[PDB]
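Novice:
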Amino acid sequence: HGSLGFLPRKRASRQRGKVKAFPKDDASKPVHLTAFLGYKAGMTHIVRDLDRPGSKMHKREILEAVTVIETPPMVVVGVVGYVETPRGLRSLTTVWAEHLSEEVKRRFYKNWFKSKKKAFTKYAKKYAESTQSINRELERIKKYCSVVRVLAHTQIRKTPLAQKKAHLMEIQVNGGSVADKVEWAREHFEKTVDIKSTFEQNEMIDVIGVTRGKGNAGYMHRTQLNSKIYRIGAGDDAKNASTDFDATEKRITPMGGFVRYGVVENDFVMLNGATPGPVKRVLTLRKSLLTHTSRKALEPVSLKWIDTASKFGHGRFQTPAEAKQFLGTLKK
Amino acid sequence: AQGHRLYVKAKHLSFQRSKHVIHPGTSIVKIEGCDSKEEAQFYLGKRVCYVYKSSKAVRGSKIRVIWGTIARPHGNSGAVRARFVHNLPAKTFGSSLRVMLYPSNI
Amino acid sequence: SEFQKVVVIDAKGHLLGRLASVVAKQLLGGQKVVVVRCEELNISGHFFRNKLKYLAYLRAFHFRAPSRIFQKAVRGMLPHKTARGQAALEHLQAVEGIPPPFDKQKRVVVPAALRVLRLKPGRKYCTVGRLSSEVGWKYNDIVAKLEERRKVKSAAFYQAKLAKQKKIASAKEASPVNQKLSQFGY
RNA sequence: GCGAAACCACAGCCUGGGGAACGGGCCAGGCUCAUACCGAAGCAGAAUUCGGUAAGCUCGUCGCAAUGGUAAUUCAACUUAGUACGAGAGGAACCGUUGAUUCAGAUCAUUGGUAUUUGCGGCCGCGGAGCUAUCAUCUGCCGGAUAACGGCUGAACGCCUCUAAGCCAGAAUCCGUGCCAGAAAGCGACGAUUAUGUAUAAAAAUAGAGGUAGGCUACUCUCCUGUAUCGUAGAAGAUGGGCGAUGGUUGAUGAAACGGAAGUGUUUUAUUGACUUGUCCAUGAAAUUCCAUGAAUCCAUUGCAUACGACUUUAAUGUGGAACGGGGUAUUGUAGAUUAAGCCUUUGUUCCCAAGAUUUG
RNA sequence: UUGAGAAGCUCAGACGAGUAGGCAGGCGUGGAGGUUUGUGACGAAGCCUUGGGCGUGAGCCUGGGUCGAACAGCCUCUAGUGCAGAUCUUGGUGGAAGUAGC
RNA sequence: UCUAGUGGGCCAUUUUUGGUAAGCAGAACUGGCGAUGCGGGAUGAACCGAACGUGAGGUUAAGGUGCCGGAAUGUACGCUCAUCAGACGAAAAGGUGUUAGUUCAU
């Protein structure tokens, strides 16, 4: 409790991470996304040569105890227009999607089954019946706006979680003009967004999230800083855990699933440190507010070997396939 | 449009008071449009009234009137002293008043 | 003299104490007072002098908005401990800039509070909005941006009104009735 | 379930001043060792010292941020450069690296244990998961304003002159900033949903501005407030005849445009409806015969949680969930059992349920 | 002109803090003598009342309700005669408290 | 002639003698409060006015007239810029601090 800033330490109400401060944008910057909702797939120590001129580990093999985040693609079904006012930053209007997925419709509700599935139905009528009204809303946004964000939601069904309400949160469309921001939002409407496009594996990411409660330590929304990305592995990619050095094919998921999380079947990212919250918890990955110019972010990442052993218990083999031939024929 | 308004608009400011003692018997009335004590001499003796409304109706009318008469000027800024048939309530500070043109000497 | 049910006051170039005293007296008169452009209020004295005056106040809630600075001065000149002074405060609306509802309404000024008519020439004075910029207010830049936008639209309306006014002014002397019986001073 | 007694003028936020206490009643208000920075000093440089500055150490869904706390925090070495300085040696600013911390932020992957898998093999030998760690692995700020401090330029003092005008440089400080909350009595967007004329919009200087007009250079006029301008006549405004406008005043709907900020109102009208005191007439209004006028919650589920609720999904006929039957799984351990319990997972099975009530205009 | 409760009526002027203390006149209570050819089961006394009135006041008169057997004004006599206090006396009853607890 | 109560002081004024770190102390002189409310003095028992039946009207005292607050954001001159004014002892002085300047030198 030394840090007076956190005192009085009280648990964050919203489990989902909140992007309180988006990075500054400019017209020259292309329209793109900063914050990406994700889940704590797990964490695993992986070896990597440390390429840093002037460092004492310069071109030296060092094991990197790091963390892997489950990041399913990002479907966007809404846009918000924020207009700057003397009182503050006010939302001019919200334009959701003509067709909303079941998951995002579950978010608006507390339960899906008891209700008569009436979430945004009459809206879906006026959107389809009168597209010109939506055009006026977009026209109103373009003429009067400085900040434009999108109401993108997660696909829970792709994730191995009992969660069914799609986690939704505004993401600024940084770059370009407001009209250009709206044009990109309108064309990417009702479309998924992959985190691999958002982060180039070398860009600077400050992960924000809510930590794990303890029997007011825990459920604290805390913004981690200086956690560089090393690999955005795809779910369909069977070579994500097998880099150039370790060409032996393997999946980031340890055999028998991650510890207290499950298996990973979607896009995942790679970063060091520890993220606030245990496995299978909602996390937000956003671009850094400040352009961190330290050589830790500047240095290229050439990961040497991913580990996938049975972290639960004591795993002596990272993948079953090699252990089949390495160890003798089983009695079965 | 154009109403009737055969009176002059006025406001109830306060009672004839010292720093800590009030005298509700005399009320200080600001006849708006009058700016000096010499100008206030025209309105001396005129009939001033406080028109208000009550939810209960009497004889089919919900409007009640307290009548008064302007007595003398108060200060150099044209405020006058008025005595009403019933002392004006303390809650009518800042409330509007009507100063008639009668009795007339013009 | 004559009053109005609601009054919109332009606080550009008005001294803080002088305007607040007149406004507080008008509020106790039952009038409804709306003060716009609260960030252009002027206070006599060097900007160093008022910075330390506000800094001493910083050392309750320390409001930073210029509108809430003006409301504080008005609040101190009212019997806020009683109901009469409580109702007076609710009849005042102090805002920065000119919001749309009061944009198209006449804005009067108080000569008893104007800085030009009350301050000795060459005296140093500080602007409340400028002073509040380095105490915590962070909307001065945007408030100015809307102000120029409003001025351009307001100027365009004035040109339209002036051009329209030229038509009646030209036709005013066209009618012989004006010259025929102008003996009444009209 | 049975059940006291002490005590009891009345009360119950502070801050000051109130002389005698006065706060509980009254009156006015709220509710500088080091280091960072430089300056001076022979201070050769290193080593530094001193000087200050400096207290850092309805139900929701999704957002904005008024207000606070507070971005880090304490210091180093190598590189820099093994050199500017310096006879040389020792050792420069700045750069990167290695860091040592504190505190905070995390997580149990690495890490060691604790460990109700108290699981297992022989009370022991230990222990997976989970959690924890200066017991582990780790991550951790900003740009200006300026202080001291020294300036440049420039008056008074035709110059000079950190300064009186101005322009500055320069701080671990301050403010911003970032983070942490979020005004229970802040706000926005979005979804579903049982009186007396209440008459007037430039901006701008004022120590000069605007209009007006010519082709920013030359013009002119006005200001000197609104005691202005618009509007105003009728049994509050009648009935007709008109003439004259054949216009004006508007109501009604049918409308398109503009107005983000808090646009919620400005116009443009299209047609129709009437009114018209614009100039006139003919009747009429009085004896009141002097003022009174469908969702959500609970619920079950749920652990992701832990004073208590809260918290957290799921959950109201289908990836339906909840349970097991398990598999996987590692553990201990000599292969076996537990086999997720905060290990994963199930083309397996059955159960219940197209809920049960409450709340809600 | 009737205005002689001569203890009445009437005219005029001045004046108005007040502790200790001094003085005067009044209000109320129990009982006694006299009186009101007094009041009362067609309702005495008592009590209740945001009913009304009188007096500077102590107090007094009265309406309504309740009630059920006695009671009052005037002159005089008399005294166990007037309460907010005495860590007063007796009785009733509260907050603390459904607390401490058993 | 006889007959109740008082038979403390505080503060203030003046006078005072010595004092003596300096303050102060000591007496005496005189009234006010002590028996006394009222307007002002932010407030307050010693300060400024004023001493009291119940009221209507008028006019003032002391003090006030930007707002709280009744009453001129009155007039006519000036002084003051503070980056701690002012408003109601380190205090002596210093000031490339002024304002008015005077006087004397040229």
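Chains as they are written, first to last, in the entry's author numbering: chain B, 11 to 225, 269 to 385; chain f, 3 to 108; chain O, 2 to 60, 71 to 197. All C-beta atoms, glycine included, are put in the ideal place defined by N, C-alpha and C.
Which value, in whole angstroms, describes the spacing of the CA atoms of B:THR296 and B:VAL322?
Specialist: Taking the first sequence and counting its residues from 1, the one referred to as residue 296 of chain B is at position 243. Taking the first sequence and counting its residues from 1, the one referred to as residue 322 of chain B is at position 269. The alpha-carbon atoms of B:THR296 and B:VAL322 are separated by roughly 14 Å.
Novice: Can you say whether B:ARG313 is buried or exposed, counting buried as having 16 or more other CB atoms within 10 angstroms of its CB?
Specialist: For the purposes of this step, residue 313 of chain B is taken as the residue at position 260 of the first sequence. Exposed is the call here.
Novice: Where does B:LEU17 fall in DSSP's three states?
Specialist: Residue numbering aside, residue 17 of chain B sits at position 7 when the first sequence is read from its first letter. B:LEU17: coil per DSSP, three-state reduction.
Novice: Am I right that O:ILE80 and O:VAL37 are in contact with their C-beta atoms under 8 Å? What's the rounded C-beta distance?
Specialist: Position 69 of the third sequence, counting from 1, holds the residue named residue 80 of chain O. Position 36 of the third sequence, counting from 1, holds the residue named residue 37 of chain O. Their Cβ separation, rounded to whole angstroms, is 15 Å, which puts O:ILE80 and O:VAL37 out of contact at 8 Å.
Novice: Starting from B:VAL192, trace the alpha helix (DSSP H) in both directions and tell me its first and last residue.
Specialist: In the first sequence, the residue the question calls residue 192 of chain B occupies position 182. Start and end: 188-197.
Novice: Rounded to whole angstroms, how far is the Cβ of B:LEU43 from the Cβ of B:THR208, which I believe are closer than 8 Å?
Specialist: In the first sequence, the residue the question calls residue 43 of chain B occupies position 33. In the first sequence, the residue the question calls residue 208 of chain B occupies position 198. About 5 Å separates the two Cβ atoms, so the contact holds.
Novice: Output the distance between the C-alpha atoms of B:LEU356 and B:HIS55, rounded to the nearest integer angstrom.
Specialist: The residue labelled residue 356 of chain B in the question sits at position 303 within the first sequence. The residue labelled residue 55 of chain B in the question sits at position 45 within the first sequence. For B:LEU356 and B:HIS55, the gap between their C-alpha atoms comes out near 11 Å.
Novice: If you draw a straight line from the C-alpha of f:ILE33 to the C-alpha of O:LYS156, how long is it?
Specialist: Your numbering for residue 33 of chain f matches position 31 in the second sequence. Your numbering for residue 156 of chain O matches position 145 in the third sequence. Each residue's CA atom was taken as its position, placing f:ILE33 and O:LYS156 some 44 Å apart.
Novice: Can you find the residues in the same chain that come closer than 8 Å, C-beta to C-beta, to B:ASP216, ignoring five residues on each side of it along the sequence?
Specialist: Taking the first residue of the first sequence as 1, we reach residue 216 of chain B at position 206. Correct list, in chain order: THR276, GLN277, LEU278, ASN279, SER280, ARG339, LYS340, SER341 and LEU342.
Novice: Quick check: the Cα distance between B:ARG62 and B:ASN212, rounded to an integer number of angstroms?
Specialist: Against the first sequence, residue 62 of chain B aligns to sequence position 52. Against the first sequence, residue 212 of chain B aligns to sequence position 202. Cα to Cα, the separation comes out at about 14 Å.
Novice: Can you find a CB in chain O that lies within less than 8 Å of the CB of f:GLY27?
Specialist: Taking the first residue of the second sequence as 1, we reach residue 27 of chain f at position 25. With 8 Å as the cut-off, f:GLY27 does not count as an interface residue toward chain O.
Novice: How would you label O:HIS15, buried or exposed, when you count the other beta carbons within 10 angstroms and need 16 or more for buried?
Specialist: Residue numbering aside, residue 15 of chain O sits at position 14 when the third sequence is read from its first letter. Buried is the call here.
Novice: Buried or exposed for B:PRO82, going by 16 or more other Cβ atoms inside 10 Å?
Specialist: Stepping through the first sequence from its first residue, residue 82 of chain B is reached at position 72. That one is buried.
Novice: By how many angstroms is the C-alpha of f:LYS13 removed from the C-alpha of O:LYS178?
Specialist: Along the third sequence, one-based indexing puts residue 178 of chain O at 167. Along the second sequence, one-based indexing puts residue 13 of chain f at 11. Roughly 41 Å separates the two Cα atoms.
Novice: Are B:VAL90 and B:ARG196 touching if we call contact CB-CB under 8 Å?
Specialist: Here residue 90 of chain B is taken as the residue at index 80 of the first sequence, counted from 1. Here residue 196 of chain B is taken as the residue at index 186 of the first sequence, counted from 1. Cβ atoms of B:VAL90 and B:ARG196: not closer than 8 Å.
Novice: Straight-line CA distance for B:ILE181 to B:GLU302?
Specialist: Here residue 181 of chain B is taken as the residue at index 171 of the first sequence, counted from 1. Here residue 302 of chain B is taken as the residue at index 249 of the first sequence, counted from 1. Each residue's Cα considered, the two are about 35 Å apart.
Novice: Is DSSP giving residue 62 of chain O helix, strand or coil here?
Specialist: The gap in chain O between 60 and 71 takes in residue 62 of chain O, so it carries no coordinates here.
Novice: Could you confirm whether any beta carbon from chain B is found closer than 8 Å to the beta carbon of O:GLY108?
Specialist: The residue you call residue 108 of chain O lines up with position 97 of the third sequence. Flagged as an interface residue toward chain B: O:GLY108, by a C-beta distance shorter than 8 Å.
Novice: Which two residues bound the contiguous alpha helix (DSSP H) that contains B:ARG70?
Specialist: The residue given as residue 70 of chain B occupies position 60 in the first sequence. It is not in any alpha helix (DSSP H) - B:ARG70 instead sits in the beta strand (DSSP E) that spans 70-80.
Novice: Are the C-beta of f:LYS13 and some C-beta of chain O separated by less than 8 Å?
Specialist: Counting from 1 along the second sequence, the entry for residue 13 of chain f is found at position 11. f:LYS13 counts as touching chain O.
Novice: Please name the residue, chosen from B:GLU112, B:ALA45 and B:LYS385, that lies closest to B:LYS128 on a Cα-to-Cα basis.
Specialist: In the first sequence, residue 128 of chain B corresponds to position 118, counting from 1. Checking every option, the nearest Cα to that of B:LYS128 belongs to B:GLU112.
Novice: Along chain f, in chain order, which residues have C-beta atoms closer than 7 Å to that of O:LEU29?
Specialist: Mapped onto the third sequence, residue 29 of chain O falls at position 28. The contacting residues are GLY96.
Novice: Do we get a CB-CB distance below 8 Å when we pair f:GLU40 with the residues of chain O?
Specialist: Taking the second sequence and counting its residues from 1, one reaches residue 40 of chain f at position 38. Answer no: the Cβ-Cβ gap between f:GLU40 and chain O never drops below 8 Å.
Novice: Taking the continuous alpha helix (DSSP H) assigned at O:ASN151, which residues delimit it?
Specialist: Your numbering for residue 151 of chain O matches position 140 in the third sequence. 151-185 is the extent of the alpha helix (DSSP H) around O:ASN151.
Novice: Please list, in chain order, the residues of the region 146-166 of chain O that have any C-beta partner in chain B closer than 8 Å.
Specialist: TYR150, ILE153, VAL154 and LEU157
Novice: By DSSP, does B:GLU375 sit in helix, in strand, or in coil?
Specialist: Translated into the one-based positions of the first sequence, residue 375 of chain B becomes position 322. Of the three classes helix, strand and coil, the one that applies to B:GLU375 here is helix, per DSSP.
Novice: Along the chain, where does the beta strand (DSSP E) that runs through O:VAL24 open and close?
Specialist: Here residue 24 of chain O corresponds to residue number 23 of the third sequence, with the count starting at 1. Looking at the DSSP string, O:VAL24 is not in any beta strand (DSSP E); the run it does join, the alpha helix (DSSP H), is 17-28.
Novice: In this structure, what does DSSP give as the bridge partners for residue 61 of chain O?
Specialist: Residue 61 of chain O falls within a stretch that is absent from the model, since chain O runs 60 to 71 with no residues between.
Novice: By DSSP's criteria, B:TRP122 is part of a beta bridge. Which residues make up the other side?
Specialist: Here residue 122 of chain B is taken as the residue at index 112 of the first sequence, counted from 1. BP columns for B:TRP122 are empty, so no partner.
Novice: Can you pull the chain O neighbours of f:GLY35, defined as C-beta to C-beta under 8 Å?
Specialist: Here residue 35 of chain f is taken as the residue at index 33 of the second sequence, counted from 1. The answer, in chain order, is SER2 and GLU3.
Novice: Of all the CB atoms in chain f, is at least one closer than 8 Å to the CB of O:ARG95?
Specialist: Position 84 of the third sequence, counting from 1, holds the residue named residue 95 of chain O. So, interface residue.
Novice: To the nearest whole angstrom, what separates the beta carbons of B:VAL86 and B:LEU161, a pair I think is in contact under 8 Å?
Specialist: Looking up residue 86 of chain B in the first sequence gives position 76. Looking up residue 161 of chain B in the first sequence gives position 151. That pair is a contact at about 7 Å.
Novice: For O:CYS39, which of helix, strand or coil comes out of DSSP?
Specialist: Here residue 39 of chain O corresponds to residue number 38 of the third sequence, with the count starting at 1. Looking at O:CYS39 - three-state DSSP - the assignment turns out to be helix.
Novice: Is O:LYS117 a contact residue of the ligand ZN, with contact defined as CB to any heavy atom under 7 Å?
Specialist: Among the ligands in the structure shown, none appear at all, so the ligand ZN cannot be discussed.
Novice: Taking 8 Å as the CB-CB cut-off, is B:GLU112 touching chain O?
Specialist: Position 102 of the first sequence holds residue 112 of chain B. With 8 Å as the cut-off, B:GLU112 does not count as an interface residue toward chain O.
Novice: Check the DSSP bridge columns for B:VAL158 and list the partner residues they point to.
Specialist: Within the first sequence, residue 158 of chain B is the residue found at index 148, counting from 1. Bridge partners of B:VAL158: B:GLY91.
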